[PDB]
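**Q** This structure is in structure tokens; I'll ask about it shortly.
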Amino acid sequence: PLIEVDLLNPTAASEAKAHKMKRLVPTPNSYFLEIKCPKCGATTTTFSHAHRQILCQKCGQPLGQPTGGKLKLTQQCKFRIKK
Amino acid sequence: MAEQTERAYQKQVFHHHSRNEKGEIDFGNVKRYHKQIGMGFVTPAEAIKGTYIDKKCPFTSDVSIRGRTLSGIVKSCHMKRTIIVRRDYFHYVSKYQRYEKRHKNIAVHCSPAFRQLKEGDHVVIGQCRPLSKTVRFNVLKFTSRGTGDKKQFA
Amino acid sequence: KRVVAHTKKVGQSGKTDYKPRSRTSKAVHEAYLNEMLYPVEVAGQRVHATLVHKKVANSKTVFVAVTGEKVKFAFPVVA
Amino acid sequence: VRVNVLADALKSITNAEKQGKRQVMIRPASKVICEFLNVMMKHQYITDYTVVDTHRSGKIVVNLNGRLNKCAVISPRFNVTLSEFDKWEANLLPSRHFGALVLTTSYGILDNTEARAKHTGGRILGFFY
Amino acid sequence: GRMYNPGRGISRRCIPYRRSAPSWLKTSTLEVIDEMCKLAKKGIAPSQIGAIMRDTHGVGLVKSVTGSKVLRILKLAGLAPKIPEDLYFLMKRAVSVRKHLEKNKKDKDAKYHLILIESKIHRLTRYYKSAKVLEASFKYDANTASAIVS
RNA sequence: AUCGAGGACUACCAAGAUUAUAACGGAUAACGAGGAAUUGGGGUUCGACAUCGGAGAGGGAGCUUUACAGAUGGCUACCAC
RNA sequence: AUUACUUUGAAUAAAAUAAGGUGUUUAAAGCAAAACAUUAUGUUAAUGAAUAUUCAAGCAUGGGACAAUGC
RNA sequence: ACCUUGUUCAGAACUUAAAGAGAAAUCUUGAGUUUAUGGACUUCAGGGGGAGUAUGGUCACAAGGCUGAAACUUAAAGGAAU
């Protein structure tokens with residue numbers, strides 16, 4: 001670009017827009033989360049971009065469907081980000 | 001008993017009878033002659049314990065090891081008591097200021113002391129008197145290397 | 001406790017000291033740095049080289065704090 | 001494929017200065033790349049540089065100040081004897097007072113001036129005006 | 001770019017800048033090893049074994065927990081397959097294409113891609129022999145691979 | 001056998017040796033080198049001929065004397081003079 | 001641990017090339033002649049250019065950055 | 001799903017340039033980073049004809065394909081633009 005920004009201190013917004021690899025220090029866009037079951041109270045921890053059917057550990061209200069890039073959680077499944 | 005496979009009787013160059021327990025020359029046996037070659041080369045245990053006979057082995061004969069000393073990789077082990085050693089070196093062409101890869105084959109004599117010597121092994125050779133039309137070197141030590149499903153021993 | 005072994009160099013002359021790789025200066029200092037920080041975890045590392053009296057000064061700064069090397073531990077500057 | 005990382009770095013730096021850019025980024029960092037920059041700093045051709053650690057042979061950011069006309073690497077690093085120095089400078093450098101070669105020697109990576117002082121030759125890396 | 005066609009994609013994974021296990025992870029190496037051990041006995045590739053742990057057990061990186069890679073773990077337990085996983089899957093595709101080619105003799109694109117696949121096999125087999133993974137007596141043959149791959 | 005190593009030659013034994021890093025062949029109006037001409041650097045071309053080494057005495061071949069010769073301003077035989 | 005690279009050397013026929021001295025009347029040459037001692041005497045037991053080379057190999061030495069075979 | 005927008009990855013393209021290059025036409029996802037000449041590797045060319053011809057070798061049922069000169073002749077042949 002003709003106009004140039006600092007290459008050591010990129011903004012929070014600028015790094016978020018960039019590709020997951022083309023950042024200053026590459027970081028994954030994925031995360032680990034747990035899903036409370038609709039059927040029971042147990043929380044099953046799983047990858048954000050899981051590539052298989054996600055079942056509860058108790059039963060199996062299947063909690064997610066793998067769809068080419070991110071888990072398709074059911075509309076009644078609530079999750080939080082595991083930090 | 002196993003080394004007497006030729007038409008003549010095989011003897012060492014320096015064959016002498018040992019003394020018996022009573023202190024007199026025992027003509028019923030012959031001492032196994034073994035010498036040590038020079039510049040930092042150890043005599044393999046086979047040249048001491050072994051019963052082979054060779055008149056060109058540097059450890060159990062009167063062949064000397066002279067100044068020239070080289071190294072290489074065993075190429076062929078099909079001929080009896082003889083191997084072919086290949087040396088890979090770089091030749092400098094002055095005009096282009098670049099080296100080019102070259103190779104030369106040296107026919108060297110392999111004594112039966114080195115029994116575990118196969119194709120592809122790294123071998124240190126020394127220069128001796130002409131022992132054949134082309135064989136003018138002798139194997140002094142060898143190190144085994146990786147295998148290629150063709151274990152062609154000497 | 002960890003030991004940084006001596007190396008052979010090429011012309012050498014001498015012997016080896018059994019270095020595996022866990023006994024390298026890089027690994028030992030990194031192992032000390034991680035173990036020393038423990039609860040804390042290091043997520044950045046930047047080295048700044050500048051001229052000081054005609055000599056280069058590699059100012060290593062362990063960054064994001066969430067042996068013989070002078071380092072400057074600090075948090076994200078703007079995050 | 002990336003055969004010479006130093007060639008990639010010096011082409012990035014030269015391209016940045018022709019466009020007047022303030023700072024440039026080099027993705028693969030090496031010891032040799034760092035040594036080449038240190039030689040260029042001692043002659044005050046670049047202000048400074050910083051090295052970020054990405055756990056993957058991290059990146060280098062170099063600050064430029066209107067002074068680096070051209071820094072280029074030299075393909076296969078010829079074995080430069082001490083008597084062949086002035087033959088190389090007469091070919092690669094603009095004059096007898098301006099530029100400096102870079103050589104890798106057993107005493108480190110040094111330019112032609114102090115390698116002559118230390119009385120040692122070696123492979124040639126590159127140059128800069 | 002790719003080895004055999006002019007395609008150029010950069011679809012990769014991005015390991016985080018944290019070589020240690022995350023704070024929220026509590027399972028020790030004993031559970032990780034045995035869970036991985038049970039999966040190996042079921043006939044699962046090492047690449048798929050790690051994915052199952054990541055998706056189900058939340059162990060996304062095994063080297064961050066146990067300090068050693070999956071293949072090293074499997075070798076210590078002796079459950080590493082004799083034929084390396086990447087080479088095994090390549091010979092599984094060469095067999096499958098060849099079987100289709102027996103009935104469809106006129107398919108000229110399958111003959112081309114079978115040639116590319118077999119060239120890959122001879123590249124991997126040569127490398128693994130220099131790495132001493134495969135004994136020098138190993139050799140890929142069409143009349144033989146149908147049985148071992150099966 | 002030779003002054004002597006050695007397939008240099010003989011008897012028996014084995015199947016070996018070289019080759020795309022150019023073997024085996026073909027050409028040279030080719031004796032090799034120190035060197036010579038011209039050259040910013042790199043190079044290109046030449047070297048029968050001062051000096052060092054090799055080979056020859058019209059063509060091969062075989063020998064004598066002697067410490068040294070397969071000698072030819074020594075000998076024998078054949079070919080051309 | 002070797003090799004390669006690099007720095008110093010060892011050893012290596014002259015002539016030739018470069019180059020040191022020397023008024024062959026200059027010069028190309030030669031390696032002699034003299035400068036002054038008014039020279040037998042004395043410099044003097046006078047000069048011999050250190051004469052340097054020099055590539056591709058070979059031998060030894062200090063360094064291990066860049067490289068190959070490590071194992 | 002279809003459609004309108006922000007970001008980003010891959011693909012075939014297009015427009016502008018007082019800039020870079022080139023003999024110019026033009027090129028810009030290069031034909032740029034080259035007398036400030038060196039990122040890695042392979043193939044090909046040496047004025048126009050004779051001529052991809054003759055001969056030799058090899059492949060093919062054949063037409064032909066691959067390799068491939070010399071004698072001689074000639075101050076031009078050719079490229080982009082006004």
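If you're wondering about the labels, chains in the structure tokens are A, B, ... by order shown, residues count from 1 in each chain, ligands from 1 in order shown.
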Just the residues within 10 Å of residue B:97, please, counting only C-alpha atoms (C1' of nucleotides), with nothing from its chain fewer than 3 positions along; format it as a list in words.

**A** residues 92, 93 and 94 of chain B; 78 and 79 of chain D

**Q** Give me a file of those residues, with N, CA and C atoms, as a short mmCIF file (atom, residue, chain, number, x, y, z; two decimals), in the first residue's frame.

**A**
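out-v5.cif, written as the output of this step:
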data_model
loop_
_atom_site.label_atom_id
_atom_site.label_comp_id
_atom_site.auth_asym_id
_atom_site.auth_seq_id
_atom_site.Cartn_x
_atom_site.Cartn_y
_atom_site.Cartn_z
N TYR B 92 38.47 -28.44 -9.70
CA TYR B 92 38.26 -27.00 -9.81
C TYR B 92 38.63 -26.54 -11.22
N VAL B 93 37.66 -25.97 -11.92
CA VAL B 93 37.86 -25.40 -13.25
C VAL B 93 38.09 -23.90 -13.08
N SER B 94 39.27 -23.43 -13.47
CA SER B 94 39.68 -22.07 -13.14
C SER B 94 38.82 -21.04 -13.85
N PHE D 78 31.32 -17.47 -3.65
CA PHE D 78 32.65 -17.84 -4.11
C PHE D 78 33.65 -17.77 -2.96
N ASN D 79 34.62 -18.67 -2.99
CA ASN D 79 35.68 -18.70 -1.99
C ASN D 79 36.65 -17.57 -2.31
#

**Q** Counting only C-alpha atoms, which residues of chain E come no farther than 12 Å from chain B, as a PyMOL selection string?

**A** chain E and resi 126+129-132+134-139

**Q** Restrict the calculation to only C-alpha atoms (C1' of nucleotides), then for each residue of chain B with any atom at most 12 Å from an atom of chain G give the closest atom pair and their distance in Å to one decimal, rows by chain and rising residue number, as CSV.

**A**
residue,atom,partner,partner_atom,distance
B:67,CA,G:59,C1',11.1
B:68,CA,G:58,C1',9.7
B:69,CA,G:58,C1',11.2
B:70,CA,G:58,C1',11.8
B:71,CA,G:2,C1',10.2
B:72,CA,G:69,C1',11.2
B:73,CA,G:69,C1',11.3
B:88,CA,G:3,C1',10.7
B:89,CA,G:3,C1',9.4
B:90,CA,G:4,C1',9.3
B:91,CA,G:56,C1',8.5
B:92,CA,G:56,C1',7.6
B:93,CA,G:56,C1',8.7
B:94,CA,G:55,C1',8.4
B:95,CA,G:55,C1',11.4
B:99,CA,G:4,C1',11.0
B:122,CA,G:69,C1',10.6
B:124,CA,G:2,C1',11.6
B:143,CA,G:71,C1',11.1
B:144,CA,G:71,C1',10.9
B:145,CA,G:71,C1',9.5
B:146,CA,G:71,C1',10.6

**Q** Based on the backbone DSSP call, show me all residues of stretch 28-110 of chain D assigned strand (DSSP E), as an MDAnalysis selection string.

**A** chainID D and resid 46:52 60:64 71:73 79:80 100:105 108:110

**Q** Restricting it to C-alpha atoms, dump the selection as a compact mmCIF listing (two decimals), in the first residue's frame.

**A**
# COMPACT_ATOMS: atom_id res chain seq x y z
CA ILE D 46 19.56 1.21 8.51
CA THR D 47 18.36 2.82 11.73
CA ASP D 48 17.68 -0.44 13.61
CA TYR D 49 15.62 -3.62 13.45
CA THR D 50 13.49 -5.78 15.71
CA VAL D 51 12.94 -9.54 15.66
CA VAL D 52 9.55 -10.99 16.55
CA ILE D 60 12.19 -9.26 11.18
CA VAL D 61 11.12 -5.63 10.80
CA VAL D 62 13.79 -3.21 9.55
CA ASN D 63 13.62 0.58 9.80
CA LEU D 64 15.11 2.41 6.81
CA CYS D 71 21.63 -4.11 -0.98
CA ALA D 72 21.90 -7.32 -2.97
CA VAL D 73 23.04 -10.85 -2.25
CA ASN D 79 35.68 -18.70 -1.99
CA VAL D 80 37.30 -15.27 -1.87
CA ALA D 100 31.27 -2.29 1.33
CA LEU D 101 31.17 -6.02 0.63
CA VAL D 102 30.05 -8.67 3.12
CA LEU D 103 31.95 -11.90 3.72
CA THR D 104 31.37 -14.91 5.94
CA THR D 105 34.61 -15.93 7.64
CA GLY D 108 32.14 -14.17 11.88
CA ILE D 109 30.42 -12.20 9.15
CA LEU D 110 32.43 -9.07 8.35

**Q** In Å, with one decimal, what is the gap from atom CA of residue D:34 to atom CA of residue C:57?

**A**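 Computed distance, atom CA of residue D:34 to atom CA of residue C:57, equals 12.2 Å.
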
**Q** Per residue of chain E within 9 Å of chain H, record the nearest atom pair and its distance in Å to one decimal, counting only C-alpha atoms (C1' of nucleotides), with rows in chain order and ascending residue number, as JSON lines.

**A**
{"residue": "E:7", "atom": "CA", "partner": "H:10", "partner_atom": "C1'", "distance": 8.6}
{"residue": "E:8", "atom": "CA", "partner": "H:10", "partner_atom": "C1'", "distance": 7.3}
{"residue": "E:9", "atom": "CA", "partner": "H:10", "partner_atom": "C1'", "distance": 6.1}
{"residue": "E:10", "atom": "CA", "partner": "H:9", "partner_atom": "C1'", "distance": 7.5}
{"residue": "E:11", "atom": "CA", "partner": "H:9", "partner_atom": "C1'", "distance": 7.7}

**Q** Suppose we keep N, CA and C atoms; can you now write the selection as a tab-separated table (two decimals), in the first residue's frame?

**A**
chain	number	residue	atom	x	y	z
E	7	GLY	N	-2.36	-26.03	-9.07
E	7	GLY	CA	-3.13	-25.49	-7.97
E	7	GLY	C	-2.24	-24.98	-6.85
E	8	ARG	N	-2.71	-23.94	-6.16
E	8	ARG	CA	-1.92	-23.30	-5.10
E	8	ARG	C	-2.89	-22.84	-4.01
E	9	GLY	N	-3.04	-23.68	-2.98
E	9	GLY	CA	-3.87	-23.35	-1.84
E	9	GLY	C	-3.04	-23.31	-0.58
E	10	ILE	N	-3.46	-22.46	0.36
E	10	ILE	CA	-2.72	-22.28	1.60
E	10	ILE	C	-3.59	-22.64	2.80
E	11	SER	N	-4.50	-23.59	2.61
E	11	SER	CA	-5.34	-24.06	3.71
E	11	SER	C	-4.47	-24.81	4.71

**Q** At most 8 Å is the cut-off: for each residue in chain G with any atom that close to an atom of chain D, write down the nearest atom pair and the distance in Å rounded to one decimal, counting only C-alpha atoms (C1' of nucleotides), chain first then increasing number, as JSON lines.

**A**
{"residue": "G:5", "atom": "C1'", "partner": "D:79", "partner_atom": "CA", "distance": 6.5}
{"residue": "G:6", "atom": "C1'", "partner": "D:121", "partner_atom": "CA", "distance": 5.3}
{"residue": "G:7", "atom": "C1'", "partner": "D:120", "partner_atom": "CA", "distance": 6.2}
{"residue": "G:63", "atom": "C1'", "partner": "D:106", "partner_atom": "CA", "distance": 5.4}
{"residue": "G:64", "atom": "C1'", "partner": "D:106", "partner_atom": "CA", "distance": 5.2}
{"residue": "G:65", "atom": "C1'", "partner": "D:106", "partner_atom": "CA", "distance": 4.6}
{"residue": "G:66", "atom": "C1'", "partner": "D:104", "partner_atom": "CA", "distance": 6.1}

**Q** Using atom CA of residue E:106 and atom CA of residue E:143 as the two end points, give the distance in Å to one decimal.

**A**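 About the pair atom CA of residue E:106 and atom CA of residue E:143: they are 21.2 Å apart.
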
**Q** Report as a PDB file with N, CA and C atoms, in the first residue's frame all protein, DNA and RNA residues lying within 12 Å of residue B:85, evaluated on only C-alpha atoms (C1' of nucleotides), omitting residues in the same chain fewer than 2 positions from it.

**A**
ATOM      1  N   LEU B  70      45.011 -43.193   1.447  1.00  0.00           N
ATOM      2  CA  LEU B  70      43.772 -42.603   0.959  1.00  0.00           C
ATOM      3  C   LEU B  70      42.563 -43.194   1.671  1.00  0.00           C
ATOM      4  N   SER B  71      41.367 -42.853   1.198  1.00  0.00           N
ATOM      5  CA  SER B  71      40.133 -43.365   1.768  1.00  0.00           C
ATOM      6  C   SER B  71      39.067 -43.374   0.684  1.00  0.00           C
ATOM      7  N   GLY B  72      38.032 -44.177   0.898  1.00  0.00           N
ATOM      8  CA  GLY B  72      36.985 -44.286  -0.097  1.00  0.00           C
ATOM      9  C   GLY B  72      35.875 -45.200   0.368  1.00  0.00           C
ATOM     10  N   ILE B  73      35.028 -45.581  -0.585  1.00  0.00           N
ATOM     11  CA  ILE B  73      33.860 -46.415  -0.335  1.00  0.00           C
ATOM     12  C   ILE B  73      33.973 -47.663  -1.197  1.00  0.00           C
ATOM     13  N   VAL B  74      33.729 -48.827  -0.590  1.00  0.00           N
ATOM     14  CA  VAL B  74      33.798 -50.083  -1.324  1.00  0.00           C
ATOM     15  C   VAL B  74      32.737 -50.096  -2.411  1.00  0.00           C
ATOM     16  N   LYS B  75      33.150 -50.428  -3.633  1.00  0.00           N
ATOM     17  CA  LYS B  75      32.244 -50.474  -4.772  1.00  0.00           C
ATOM     18  C   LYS B  75      31.808 -51.894  -5.115  1.00  0.00           C
ATOM     19  N   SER B  76      32.758 -52.809  -5.287  1.00  0.00           N
ATOM     20  CA  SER B  76      32.456 -54.193  -5.610  1.00  0.00           C
ATOM     21  C   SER B  76      33.263 -55.118  -4.715  1.00  0.00           C
ATOM     22  N   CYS B  77      32.663 -56.253  -4.374  1.00  0.00           N
ATOM     23  CA  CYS B  77      33.292 -57.276  -3.549  1.00  0.00           C
ATOM     24  C   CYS B  77      33.069 -58.654  -4.150  1.00  0.00           C
ATOM     25  N   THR B  82      40.069 -59.179  -3.075  1.00  0.00           N
ATOM     26  CA  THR B  82      40.276 -57.904  -3.743  1.00  0.00           C
ATOM     27  C   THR B  82      38.948 -57.173  -3.808  1.00  0.00           C
ATOM     28  N   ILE B  83      38.995 -55.858  -3.609  1.00  0.00           N
ATOM     29  CA  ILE B  83      37.820 -55.007  -3.691  1.00  0.00           C
ATOM     30  C   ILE B  83      38.162 -53.799  -4.548  1.00  0.00           C
ATOM     31  N   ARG B  87      36.662 -43.256  -5.015  1.00  0.00           N
ATOM     32  CA  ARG B  87      36.892 -41.985  -4.346  1.00  0.00           C
ATOM     33  C   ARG B  87      36.168 -40.887  -5.107  1.00  0.00           C
ATOM     34  N   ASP B  88      35.371 -40.102  -4.392  1.00  0.00           N
ATOM     35  CA  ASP B  88      34.642 -38.983  -4.972  1.00  0.00           C
ATOM     36  C   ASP B  88      35.306 -37.690  -4.527  1.00  0.00           C
ATOM     37  N   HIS B 103      35.319 -38.874 -10.112  1.00  0.00           N
ATOM     38  CA  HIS B 103      35.482 -40.117  -9.373  1.00  0.00           C
ATOM     39  C   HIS B 103      36.565 -40.950 -10.038  1.00  0.00           C
ATOM     40  N   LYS B 104      37.220 -41.788  -9.237  1.00  0.00           N
ATOM     41  CA  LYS B 104      38.247 -42.693  -9.725  1.00  0.00           C
ATOM     42  C   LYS B 104      38.172 -43.998  -8.950  1.00  0.00           C
ATOM     43  N   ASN B 105      38.405 -45.106  -9.645  1.00  0.00           N
ATOM     44  CA  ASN B 105      38.329 -46.433  -9.053  1.00  0.00           C
ATOM     45  C   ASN B 105      39.733 -46.961  -8.798  1.00  0.00           C
ATOM     46  N   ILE B 106      39.978 -47.420  -7.575  1.00  0.00           N
ATOM     47  CA  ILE B 106      41.267 -47.968  -7.177  1.00  0.00           C
ATOM     48  C   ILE B 106      41.053 -49.415  -6.762  1.00  0.00           C
ATOM     49  N   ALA B 107      41.784 -50.327  -7.394  1.00  0.00           N
ATOM     50  CA  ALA B 107      41.729 -51.735  -7.024  1.00  0.00           C
ATOM     51  C   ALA B 107      42.693 -51.986  -5.875  1.00  0.00           C
ATOM     52  N   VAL B 108      42.158 -52.384  -4.722  1.00  0.00           N
ATOM     53  CA  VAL B 108      42.959 -52.569  -3.522  1.00  0.00           C
ATOM     54  C   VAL B 108      42.762 -53.990  -3.015  1.00  0.00           C
ATOM     55  N   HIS B 109      43.725 -54.447  -2.223  1.00  0.00           N
ATOM     56  CA  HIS B 109      43.742 -55.806  -1.700  1.00  0.00           C
ATOM     57  C   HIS B 109      43.114 -55.827  -0.314  1.00  0.00           C
ATOM     58  N   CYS B 110      42.161 -56.731  -0.111  1.00  0.00           N
ATOM     59  CA  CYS B 110      41.446 -56.856   1.153  1.00  0.00           C
ATOM     60  C   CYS B 110      41.840 -58.174   1.803  1.00  0.00           C
ATOM     61  N   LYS B 118      31.671 -55.260   3.447  1.00  0.00           N
ATOM     62  CA  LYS B 118      30.678 -55.449   2.400  1.00  0.00           C
ATOM     63  C   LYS B 118      30.693 -54.242   1.471  1.00  0.00           C
ATOM     64  N   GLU B 119      29.807 -54.265   0.479  1.00  0.00           N
ATOM     65  CA  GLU B 119      29.698 -53.148  -0.448  1.00  0.00           C
ATOM     66  C   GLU B 119      29.090 -51.935   0.243  1.00  0.00           C
ATOM     67  N   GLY B 120      29.632 -50.759  -0.064  1.00  0.00           N
ATOM     68  CA  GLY B 120      29.163 -49.519   0.509  1.00  0.00           C
ATOM     69  C   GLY B 120      29.857 -49.092   1.784  1.00  0.00           C
ATOM     70  N   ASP B 121      30.723 -49.928   2.346  1.00  0.00           N
ATOM     71  CA  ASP B 121      31.422 -49.568   3.570  1.00  0.00           C
ATOM     72  C   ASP B 121      32.494 -48.521   3.293  1.00  0.00           C
ATOM     73  N   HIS B 122      32.813 -47.739   4.321  1.00  0.00           N
ATOM     74  CA  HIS B 122      33.877 -46.749   4.243  1.00  0.00           C
ATOM     75  C   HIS B 122      35.193 -47.403   4.638  1.00  0.00           C
ATOM     76  N   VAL B 123      36.207 -47.251   3.791  1.00  0.00           N
ATOM     77  CA  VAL B 123      37.450 -48.001   3.915  1.00  0.00           C
ATOM     78  C   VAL B 123      38.634 -47.050   3.825  1.00  0.00           C
ATOM     79  N   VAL B 124      39.599 -47.232   4.721  1.00  0.00           N
ATOM     80  CA  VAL B 124      40.874 -46.525   4.678  1.00  0.00           C
ATOM     81  C   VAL B 124      41.921 -47.470   4.113  1.00  0.00           C
ATOM     82  N   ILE B 125      42.632 -47.024   3.081  1.00  0.00           N
ATOM     83  CA  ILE B 125      43.599 -47.862   2.388  1.00  0.00           C
ATOM     84  C   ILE B 125      44.978 -47.228   2.487  1.00  0.00           C
ATOM     85  N   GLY B 126      46.004 -48.071   2.372  1.00  0.00           N
ATOM     86  CA  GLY B 126      47.369 -47.605   2.332  1.00  0.00           C
ATOM     87  C   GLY B 126      48.081 -48.193   1.131  1.00  0.00           C
ATOM     88  N   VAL B 135      46.476 -53.966  -8.615  1.00  0.00           N
ATOM     89  CA  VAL B 135      46.344 -53.885  -7.163  1.00  0.00           C
ATOM     90  C   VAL B 135      47.651 -53.349  -6.588  1.00  0.00           C
ATOM     91  N   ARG B 136      47.622 -52.119  -6.069  1.00  0.00           N
ATOM     92  CA  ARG B 136      48.804 -51.506  -5.474  1.00  0.00           C
ATOM     93  C   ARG B 136      48.505 -50.884  -4.115  1.00  0.00           C
ATOM     94  N   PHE B 137      47.371 -51.220  -3.510  1.00  0.00           N
ATOM     95  CA  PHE B 137      46.982 -50.679  -2.218  1.00  0.00           C
ATOM     96  C   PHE B 137      46.524 -51.812  -1.312  1.00  0.00           C
ATOM     97  N   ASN B 138      46.289 -51.479  -0.047  1.00  0.00           N
ATOM     98  CA  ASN B 138      45.897 -52.473   0.938  1.00  0.00           C
ATOM     99  C   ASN B 138      44.944 -51.842   1.940  1.00  0.00           C
ATOM    100  N   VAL B 139      43.943 -52.608   2.360  1.00  0.00           N
ATOM    101  CA  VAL B 139      42.938 -52.115   3.294  1.00  0.00           C
ATOM    102  C   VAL B 139      43.508 -52.139   4.704  1.00  0.00           C
ATOM    103  N   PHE B 142      38.158 -50.344   8.229  1.00  0.00           N
ATOM    104  CA  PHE B 142      36.885 -50.139   7.558  1.00  0.00           C
ATOM    105  C   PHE B 142      35.793 -49.907   8.590  1.00  0.00           C
TER     106      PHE B 142
END

**Q** Can you tell me, as a list in words, what residues are no more than 12 Å from residue B:1 when counting only C-alpha atoms (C1' of nucleotides), ignoring any on the same chain fewer than 5 positions away?

**A** residues 6, 9, 10, 51, 52 and 53 of chain B

**Q** Keeping N, CA, C and O atoms, export the residues of the selection given above as an mmCIF file, in the first residue's frame.

**A**
data_model
loop_
_atom_site.group_PDB
_atom_site.id
_atom_site.type_symbol
_atom_site.label_atom_id
_atom_site.label_comp_id
_atom_site.auth_asym_id
_atom_site.auth_seq_id
_atom_site.Cartn_x
_atom_site.Cartn_y
_atom_site.Cartn_z
ATOM 1 N N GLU B 6 44.266 -75.251 -1.721
ATOM 2 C CA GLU B 6 44.978 -75.101 -2.980
ATOM 3 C C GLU B 6 45.840 -76.332 -3.244
ATOM 4 O O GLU B 6 45.912 -77.259 -2.433
ATOM 5 N N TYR B 9 51.010 -76.280 -0.435
ATOM 6 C CA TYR B 9 50.855 -76.108 1.002
ATOM 7 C C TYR B 9 51.030 -74.635 1.343
ATOM 8 O O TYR B 9 52.047 -74.027 0.994
ATOM 9 N N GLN B 10 50.041 -74.066 2.025
ATOM 10 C CA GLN B 10 50.042 -72.648 2.353
ATOM 11 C C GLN B 10 50.784 -72.433 3.666
ATOM 12 O O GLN B 10 50.402 -72.994 4.698
ATOM 13 N N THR B 51 43.129 -68.087 11.713
ATOM 14 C CA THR B 51 44.048 -69.071 11.157
ATOM 15 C C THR B 51 44.205 -68.949 9.648
ATOM 16 O O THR B 51 44.754 -69.859 9.020
ATOM 17 N N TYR B 52 43.736 -67.858 9.052
ATOM 18 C CA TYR B 52 43.859 -67.691 7.613
ATOM 19 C C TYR B 52 45.321 -67.495 7.221
ATOM 20 O O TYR B 52 46.173 -67.140 8.038
ATOM 21 N N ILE B 53 45.605 -67.737 5.944
ATOM 22 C CA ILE B 53 46.944 -67.586 5.388
ATOM 23 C C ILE B 53 46.865 -66.639 4.200
ATOM 24 O O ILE B 53 46.063 -66.851 3.283
#

**Q** Set the distance at 12 Å and use only C-alpha atoms (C1' of nucleotides): which residues neighbour residue H:37 once local chain neighbours fewer than 2 positions away are removed? I'd like the list as number ranges by chain.

**A** D: 72, 74, 91-92; H: 34-35

**Q** With C-alpha atoms (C1' of nucleotides) retained, write the just-selected residues as a PDB file, in the first residue's frame.

**A**
ATOM      1  CA  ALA D  72      21.900  -7.321  -2.975  1.00  0.00           C
ATOM      2  CA  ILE D  74      25.637 -12.618  -4.389  1.00  0.00           C
ATOM      3  CA  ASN D  91      33.457  -5.055  -9.939  1.00  0.00           C
ATOM      4  CA  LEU D  92      30.714  -4.700  -7.323  1.00  0.00           C
TER       5      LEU D  92
ATOM      6  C1'   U H  34      19.340  -5.872 -14.814  1.00  0.00           C
ATOM      7  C1'   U H  35      26.029  -2.113 -16.739  1.00  0.00           C
TER       8        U H  35
END

**Q** Residues of chain A near chain D: apply a cut-off of 8 Å, count only C-alpha atoms, and supply the list as number ranges by chain.

**A** A: 4, 7-8, 25-26

**Q** Would you kindly report the residues of chain E within 10 Å of chain A, using only C-alpha atoms, as a VMD selection string?

**A** chain E and resid 10 to 17 22 to 25 51 to 60

**Q** One decimal, in Å: what's the spacing between atom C1' of residue H:77 and atom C1' of residue H:48?

**A** 4.8 Å
